[PDB]
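For reference, the chain that follows is the form deposited in one PDB entry, supplied as structure tokens.
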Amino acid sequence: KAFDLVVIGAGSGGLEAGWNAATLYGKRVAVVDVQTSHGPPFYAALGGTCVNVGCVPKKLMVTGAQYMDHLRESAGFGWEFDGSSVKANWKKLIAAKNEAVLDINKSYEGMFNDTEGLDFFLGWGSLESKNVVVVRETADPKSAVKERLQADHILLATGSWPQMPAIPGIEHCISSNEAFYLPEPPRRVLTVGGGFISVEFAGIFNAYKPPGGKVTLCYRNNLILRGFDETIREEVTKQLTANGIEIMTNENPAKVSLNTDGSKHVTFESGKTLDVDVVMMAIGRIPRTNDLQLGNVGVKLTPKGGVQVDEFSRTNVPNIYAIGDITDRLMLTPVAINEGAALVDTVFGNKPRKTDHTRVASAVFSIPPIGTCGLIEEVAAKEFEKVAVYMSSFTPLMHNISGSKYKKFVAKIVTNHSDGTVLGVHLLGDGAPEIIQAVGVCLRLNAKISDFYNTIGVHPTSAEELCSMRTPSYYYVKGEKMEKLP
């Protein structure tokens, strides 16, 4: 019942911190989660949001969606078959994803069982006192107490949860959570949001829609994928349009009414309507703080609801730490994992280490995908006196033959033009996410543009474009865009 470390949330950050504390430093660890395997009612479970209803099933389902392109594209390479016989069996895809996620759920069960002093507790974790975690049967603080856990240290790792805009008929709409378990592929679907989740799902629904199907993505502002490279944002918009996805920008649902056939009548603020079989809200995720009862030990949130932390993942309350999506910064699995490993290496390993939230490689499994690391040029141009942008757009030779001539590969390097230091790298095209990983290592090593251009290309690849760019396309000088320096 006494534990060196109690962790609330057996997710990306929580398990990393948990398993490290146990196996690296022979410490004694409890991990609390509300569910041992994926799906309704709580969706997330043992393994966390990424494993159960995030990166893992998303990537398998985007891989599924990619065959719509491959099947078409194969004809340019001389592949012949009956196109009229091609059907996308959504039910098969979901069953396969379910089995893959369950095998991972069972994998972590093994991990807890085998591993000495690493114990899983089933239920809802909340804070009683600065050193006591109560495990309840339900999210209600009023529900029965399964356990009382004494803690030299408490780790909040409860992640995030979709935000549902409080509009009339929001009970007719779904989140990403429900998208993973639709029994049928929607013929018509509105994905609401211009972020990666809305974009990724629009690709998935687009590939698996029955005949006469239509995918509509709406975004409240003018250009999807805020925080990504602007060239890439414009290109992805075109490429999703080229693949039959309708992009409604400067548009936002006012309310939803169930028609009598079970379909959804969506009324926008502009006053436009659309009938769809599914409205998927992906407008934001917010930190899961409510159910922890933080007001019972005084842990400060930020003005955005996220648990306030210093660089070492420490709350105001000694011995209470917070990592991952609950901190409401970068909502990424490998950042959660990094924070967890750093916290345990600091607190239990006596090797203080802080997560670097700069120069983090990330991706959007849009079709085709984004891979990015470091600063977009607008952000750079505000911090550096002289910023150079190197840029190479090319229709990849295979996509001339494939018939997908809209699939332009985009490679941008943003540098500090004063010393040539690479500030950011932004890729759109097949392989972008794979290419960008080792770019992350390059940025950690303080790579200059000349370290890129002096490295010998691997040919033929899209990646070699990164080692072929010696001349800036344009510059920002004291925040001002211009073709040439004075």
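Numbering starts at 1 and runs along the sequence shown.
One more form of this protein exists, namely the form deposited with a small molecule bound; it is left out here, but the text below deals with it.
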query	finding
Contact flag, residue 227 vs the small molecule in the deposited complex, heavy atom cut 4.5 Å	yes
Contact flag, residue 329 vs the small molecule in the deposited complex, heavy atom cut 4.5 Å	yes
Contact of residue 196 with the small molecule in the deposited complex (heavy atom, 4.5 Å)	yes
In the deposited complex, residue 363 touching the small molecule (heavy atom, 4.5 Å)	yes
One stretch from 329-337, 254-262, 267-275, 299-307 that, in the deposited complex, holds residues within 4.5 Å of the small molecule by heavy atom	329-337
